[PDB]
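Backbone-built Cβ (ideal geometry, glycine too); neighbour counts: all protein chains shown. Derivation of every value follows stated rules applied to the coordinates shown; laboratory data play no part.
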Amino acid sequence: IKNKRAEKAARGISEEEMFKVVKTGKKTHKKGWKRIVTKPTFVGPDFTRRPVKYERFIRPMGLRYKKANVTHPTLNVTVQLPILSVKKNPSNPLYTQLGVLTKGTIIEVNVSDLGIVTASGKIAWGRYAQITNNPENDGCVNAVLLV
Amino acid sequence: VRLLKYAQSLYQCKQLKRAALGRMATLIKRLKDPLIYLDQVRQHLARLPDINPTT
Amino acid sequence: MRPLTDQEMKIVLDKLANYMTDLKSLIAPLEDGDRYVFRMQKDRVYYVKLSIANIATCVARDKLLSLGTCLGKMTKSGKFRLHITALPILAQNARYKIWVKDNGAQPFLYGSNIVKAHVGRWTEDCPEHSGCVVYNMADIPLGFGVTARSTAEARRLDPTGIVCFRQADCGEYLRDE
Amino acid sequence: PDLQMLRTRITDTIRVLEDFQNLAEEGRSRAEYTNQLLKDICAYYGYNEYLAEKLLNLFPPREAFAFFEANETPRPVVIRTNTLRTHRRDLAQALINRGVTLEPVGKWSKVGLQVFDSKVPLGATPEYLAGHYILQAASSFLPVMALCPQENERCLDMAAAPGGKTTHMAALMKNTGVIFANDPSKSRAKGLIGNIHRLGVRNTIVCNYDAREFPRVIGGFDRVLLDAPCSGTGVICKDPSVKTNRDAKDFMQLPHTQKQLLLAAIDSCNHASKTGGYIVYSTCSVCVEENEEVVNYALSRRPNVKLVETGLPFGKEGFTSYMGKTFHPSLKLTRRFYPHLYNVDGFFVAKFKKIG
Amino acid sequence: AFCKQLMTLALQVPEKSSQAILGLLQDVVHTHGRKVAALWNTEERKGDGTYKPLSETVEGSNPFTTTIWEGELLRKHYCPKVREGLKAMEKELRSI
RNA sequence: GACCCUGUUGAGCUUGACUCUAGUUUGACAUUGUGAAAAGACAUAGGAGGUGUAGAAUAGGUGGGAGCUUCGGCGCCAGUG
RNA sequence: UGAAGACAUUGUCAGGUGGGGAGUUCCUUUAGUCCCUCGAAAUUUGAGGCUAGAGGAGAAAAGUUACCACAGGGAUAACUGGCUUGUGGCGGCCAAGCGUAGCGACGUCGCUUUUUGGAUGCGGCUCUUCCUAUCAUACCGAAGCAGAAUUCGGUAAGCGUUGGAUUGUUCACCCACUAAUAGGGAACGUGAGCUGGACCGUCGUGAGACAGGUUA
């Protein structure tokens, strides 16, 4: 997998800055208006506009995670794969909407490099994986593929 | 250090410290062999004679 | 779709007259014997030509998702909220105008209030809570809203001071993507 | 294995196939050589045997190698200006003042502008948010200049999912006429509506209907565009799954739906149109089963439709014949677009007049 | 809108008055300029609608979706005064 | 600081029956004529035809065929399809 | 009696829509026969069709949300205190045992992770005393430790432990003397000394404003 990646290689502003801008635009700061979520999250697109429902949740650059360590059981192997979307967090609907990564969290992972052959002769390009560590205590995301 | 900046409890800070210091250790345990090779070559160079090229 | 009722059109025209100067221009008949109308599809109002509406009726209710220009939505409490999609009409026939420099134009798109440190041009004799469309230095319509103070108070105001209340901006197009 | 060694071996096999008569082996034949090259390219370029073989039959060795290098390499940035709001000169001037590197995409489009590198996010620029330009592709530019829509007409964008083509239609009709923009998935119709409202279009009707109930719902459109859902062998750069996820079953279901869609478009246009009776069929694939066989089917099952000159600046003619099947001679009027020759996504276009 | 309408008028109106109209439009171009340069540079013609000549209101008639093409007759009007006035108009349009 | 609940509000989602029908809209047909000038498709009778890749070569296509013969050039045969 | 004119207008059948008027109380998924039709490619498919499970009083409005703004109600009201420190997490293998499938340390393998060498967003100075988690000095053990200069470790707190550049400040890096120019506590007030708002009211609210009042 790593040699394939190596040979393939051979071939906006952050929400903190946006919030500071809005604050410069607005005189009066309501007490505790800035509600930063202190849990590691996944976002995806670099620059996006959030709904007014969730425009108060700030997700820090230092806490954004884009890549995870996924283990395939049947073919015992751990590979670094990119996270596509946070699918369900069995702790809070708000957490799964904001993309909070907690223990036992179902996420979508790209398994394109792994090369899983399916029944129809397809090639797997996205699979569910359960995060089985505590990313809030460990500066990493560890997940087991549900295959 | 960034994660510690955004930490929220003593347990979280301890786990983050333990993780950081242990990740650095794993890196060294990976760099076992080059250290041995460098020690050997260090000794051999320290024992090499001085030969002046232009004399 | 369904045409607006009398009270619904009264509310919509109240908001439109709050923000615009002439409205018989909007509802005036055109050269080809056609006129613009108002229709409601799933608590959204759409400004659209009568010909387009009459040719759009063939579409089943569950399958019509847009028609013409979406002016805004009627909320559950029976009030009309105008939209950045309805900005172009406001630019065409705006009542009060506020020009912002780049230093406030970028924040306005990010979703911040307009400041005296940002304003670059006013419209003389603007009352306190009036309808002002926010443009940049290139006469490009950037948004719309309601201003905070009058012209004299804004002039006398601290340059780090709110002069306009943000209500809608072009950044929501970066949202609904 | 050693994929650099395999690149070298691919080069050797290509020269061997080029000069087999002079440069040969004791008894190894073209069949063995091309089979080895097939396996080589399947291994290094991550293509399944079926699709890799299909593209190998599509092109001469050198051209095939260029095609797959191009498919590995991404396309440049390209944007379309809204003639409804600004024009190319002022838009380019403003963007350069903001600090991005642009230059006109060519002499074939007067509305397109190629972007190389940028200092400001292209989708966050104030002009972009005001609806001055849209991030589209030149391949997507092509079908509308095939079907230039005149003012005060009824047009049917039978599949208008991104929105760029519908907005460009609105630009050329000058916000006049009626455009039925249909997309059979609410989620992507959301982005369609967003783009329409950002770019300032007032003559669009967005429907979520299956594109094949059109002669039943409205019928009688002056002009129709049909960007047929396809296998995606022209945007393999953007969608790397196509390399190994397209099988025989797929290349049998996809064309049946495309054939039904083309029949629907033919039945949806009107023969008695004062200004235009045009169907324009476009496809994002480069495979012959996907491309021009649906055209042959259309000209074989509806005699009242005639293939007409495409009016596009560049391209290569359609294939009158292929491995066994002979098409209608007139198919040469169609045009094909490939990345290796022209730095554009691979498309196929076809223009039709209705007579009956 | 007034520039376009006055060019049409000057096309259809007697010599001395037409000279006056050309002078007024020259003054208008001098004062405003950049605002009305698009009426003569066809590359800046807006395409957000079609010009409506027999309109009812000034805003209703889309003025920037058209081009002042009258010069092609007012340069061959019989009066040297109006001809040189149009020449001065183009001169200052050029020296904008 | 934080947490739970209620009321109003915004944001979003879901539901809001069935049968005819005004309105609206698409296609076809009809009144309904006299002609003239153009275009298309049907009627024959002719004439002429095919350059994706490789294959020497511009391979409509199918059918038989190992011999063809203005009796010297061809077939078959080896390719390459 | 004149003008217009083979286009209009008009009529009929087939449909699309119907939040308006009158009356009354269809598609999608699942499994099966390889049972029929319809398309499509030729040596096979996709869509309908059959059987019976699952989805979709009634234009008045209704249900819903770990979301938002405002108003209110309730619980909690500080907090750690034989705490803290040096060795990451996840999954597999092994695994004395417990047990008779489940928990299971140390190691090993996989990810982080490799075939060529600025971060930070209250600081600073003087003196007393104490700690050692020792920078130097004293004595030791080990090192290709020839000599010299050293590195790591041990006992040791008796004795001492700077100045620059830079930055809002600090650290990192870099630069100069020096034997070295160590780190901490004085116990929720970091030993002693010095220095560098919330309540009401009016009007609003897609939004705040008041030389309006009161008050610790």
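Of all residues in region C:111-151, those that are in contact with an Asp or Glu (Cβ under 9 Å, 6 or more places away or on another chain), loosely packed, with under 15 Cβ neighbours inside 10 Å and away from every other protein chain (no Cβ under 12 Å) total 1. Residues in region C:1-43 that are in contact with a helix residue (DSSP H, G or I) (Cβ under 9 Å, 6 or more places away or on another chain), surrounded by 15 or more Cβ atoms within 10 Å (Cβ to Cβ) and under 20 Å from C:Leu64 (Cβ atoms): C:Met1, C:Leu4, C:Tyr36, C:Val37, C:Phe38, C:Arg39, C:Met40, C:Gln41. Cβ separations smaller than 9 Å between residues 6+ apart or across chains give the following pairs from region E:55-70 residues that are away from chain C (no Cβ under 14 Å) to residues that are polar (S, T, N, Q) and surrounded by fewer than 17 Cβ atoms within 10 Å (Cβ to Cβ): E:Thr66/E:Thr50; E:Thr67/E:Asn41; E:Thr67/E:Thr42; E:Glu70/E:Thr8.
The set of residues in region D:309-356 being within 14 Å of RNA strand F (Cβ to nearest atom) and of a type in the set (A, V, I, L, M) consists of D:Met323, D:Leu331, D:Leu333, D:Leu341, D:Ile355.
Of all residues in region C:55-71, count the ones that are part of a helix (DSSP H, G or I) and facing chain D (nearest Cβ under 10 Å).
Within region C:55-71, the subset part of a helix (DSSP H, G or I) is C:55, C:61-63.
Narrowing the set further to residues that are facing chain D (nearest Cβ under 10 Å) leaves C:55, C:62-63.
Residues meeting the conditions: 3.
Screening D:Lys174 with (1) more than 9 Å from every other protein chain (Cβ to nearest Cβ); (2) at positive phi gives one miss only, at (1).
Applying the criterion of being more than 21 Å from D:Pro126 (Cβ to Cβ) and hydroxyl-bearing (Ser, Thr, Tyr) to the residues of region C:72-95, the residue that is nearest to the other protein chains (Cβ to nearest Cβ) is C:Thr75. Screening region A:14-32 for residues that are touching a helix residue (DSSP H, G or I) at 6+ places or on another chain (Cβ under 9 Å) and more than 8 Å from every other protein chain (Cβ to nearest Cβ) and picking the one that is farthest from C:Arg175 (Cα to Cα) gives A:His29. So which pairs qualify, if the first residue must be in region B:7-32 and away from chain A (no Cβ under 12 Å), the second must be assigned to a helix (DSSP H, G or I) and more than 7 Å from RNA strand G (Cβ to nearest atom), the Cβ gap must be under 9 Å, and the two must be at least 6 apart or on different chains? Close Cβ pairs satisfying both conditions: B:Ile28/B:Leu35.
Only helices (runs of 4 or more DSSP H) wholly contained in region D:29-79 count here; list those with 3 or more residues that are touching a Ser or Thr at 6+ places or on another chain (Cβ under 7 Å) and not polar (S, T, N, Q).
Working: elements: D:30-45, D:49-58, D:61-72.
Hits in region D:29-79: D:30-45.
Could you tell me which residue of region A:51-68 is nearest to the other protein chains (Cβ to nearest Cβ), considering only residues that are more than 11 Å from RNA strand G (Cβ to nearest atom) and either part of a loop (DSSP other than H, G, I, E, B) or of a type in the set (A, V, I, L, M) (or both)? Filtering first and then ranking leaves A:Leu63.
Taking the listed residues C:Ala28, C:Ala91, the one that is away from RNA strand F (no atom under 16 Å from the Cβ), out of contact with any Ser or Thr (no Cβ under 7 Å at 6 or more places or on another chain) and not in a loop (DSSP other than H, G, I, E, B) is C:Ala91, with no other qualifying. Taking E:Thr42, is it within 14 Å of chain D (Cβ to nearest Cβ) and in contact with a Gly (Cβ under 6 Å, 6 or more places away or on another chain)? Spelling it out, it is not the case that E:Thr42 is within 14 Å of chain D (Cβ to nearest Cβ) and in contact with a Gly (Cβ under 6 Å, 6 or more places away or on another chain). Would you call D:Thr167 assigned to a helix (DSSP H, G or I) and more than 9 Å from chain C (Cβ to nearest Cβ)? In short, yes. Number of residues in region A:69-108 that are buried (at least 19 other Cβ atoms within 10 Å of the Cβ), within 12 Å of RNA strand G (Cβ to nearest atom) and more than 22 Å from B:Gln8 (Cβ to Cβ): the value is 2.
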